Amino acid sequence: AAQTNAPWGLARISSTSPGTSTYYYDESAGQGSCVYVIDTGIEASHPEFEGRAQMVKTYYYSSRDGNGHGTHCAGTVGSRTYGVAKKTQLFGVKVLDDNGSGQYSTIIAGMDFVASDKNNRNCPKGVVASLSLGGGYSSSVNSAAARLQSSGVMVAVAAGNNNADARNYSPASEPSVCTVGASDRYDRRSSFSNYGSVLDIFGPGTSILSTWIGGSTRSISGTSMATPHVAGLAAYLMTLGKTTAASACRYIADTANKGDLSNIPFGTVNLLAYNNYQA
């Protein structure tokens, strides 16, 4: 595969450099892994999702996505035009309101609806969860994240958008998961992006074009945009044999673009999510 004049995010993860405008990948393309987008929900009726998106769970009045973010990121996972893994199912938990917010009661319950619900679904390839969310540090929410990973669900968390050591932010801080940071298109860790010991890989977080509520397709920045790429790739890869739910992060890191970002602090890993598709 070889989708051209692609978003900058997708093209980048297929490329050892920035400055390429075409996305390259395997014909597998996510067919048979599943991904759990944990955020404001999936507008599954989007023409981009071709039936692959759905609302498995919602802790609020409706499954309905009325922010866009849950849809946006969902696209970056498994949209056909904007997404990393273009043949994967997309299982929406709606843990967050349209105010743009929620509780750890819900958040955690979302982590843990999935730890089970994965069962109910079919992913002979493996499952990926996207923590499209983060707050201050809290030791429940981190436990949850672990539990979820512990339970064979490849977890991807945004490092955060506070321009701080992630360690003061959860679920990002949890050792077991893959904590993701953002890069701007010129191989620069993005301004908002958090950092430090904990972070695993980097992704495209910046200017990221993807799906949106009401048929549209817009472009927002954030380290929560970074992650569905990584979950996307995780799911793209776990589908390929190349790794297991546990081994994703440790693979993605072993396979990344080494010393291929700048504006990287001390400690903080210098690696960038690479898909490794020698086309």
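Heads up, chain A uses Swiss-Prot numbers, so what you see runs 106-384.
Placed from the backbone N, Cα and C atoms, the Cβ positions cover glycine too.
The domain 'Peptidase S8' feature in Swiss-Prot is assigned to 112-384. Taken from Swiss-Prot, the feature Ca(2+) 2 binding site covers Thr121, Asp365. Summarising the annotation, Swiss-Prot assigns disulfide bond to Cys139-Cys228, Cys283-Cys354. According to Swiss-Prot, the feature active site, charge relay system maps to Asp144, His174, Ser329.
Of the listed recorded positions, namely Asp144, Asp365, the sparsest Cβ surroundings within 10 Å are found at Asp365.
Following the DSSP three-state reduction, the secondary structure of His174 (active site, charge relay system) is helix. Ranking the recorded positions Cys139, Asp144, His174, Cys228, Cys283 by Cα distance from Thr121 (Ca(2+) 2 binding site) puts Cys283 first. Same-chain residues at least 6 positions away in sequence with a Cβ under 8 Å from that of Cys139 (disulfide bond) are, in sequence order, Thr193, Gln194, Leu195, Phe196, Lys223, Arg226, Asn227, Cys228, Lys230, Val232, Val233, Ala340. The secondary structure of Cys139 (disulfide bond), as reduced to three states from DSSP, is extended strand. Under DSSP, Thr121 (Ca(2+) 2 binding site) is assigned to coil, being neither helix nor strand in the three-state scheme. Across the structure, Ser329 (active site, charge relay system) and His174 (active site, charge relay system) place their CA atoms 9 angstrom apart. Counting Cβ atoms from all protein chains shown, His174 (active site, charge relay system) has 24 others lying within 10 Å of its own Cβ. Cβ-based neighbour count (10 Å, all protein chains) for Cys354 (disulfide bond) stands at 23.
Closest to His174 (active site, charge relay system) by Cα-Cα distance, out of the recorded positions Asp144, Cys283, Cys354, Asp365, is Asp144. Residues near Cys283 (disulfide bond) in space but far in sequence (CB under 8 A, at least 6 apart, same chain), listed by position: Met259, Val260, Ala261, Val262, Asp305, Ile306, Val335, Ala339, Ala353, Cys354, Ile357. The Cβ neighbour count for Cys228 (disulfide bond), using a 10 Å radius and every protein chain shown, is 21.
DSSP classifies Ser329 (active site, charge relay system) as helix under the three-state reduction.
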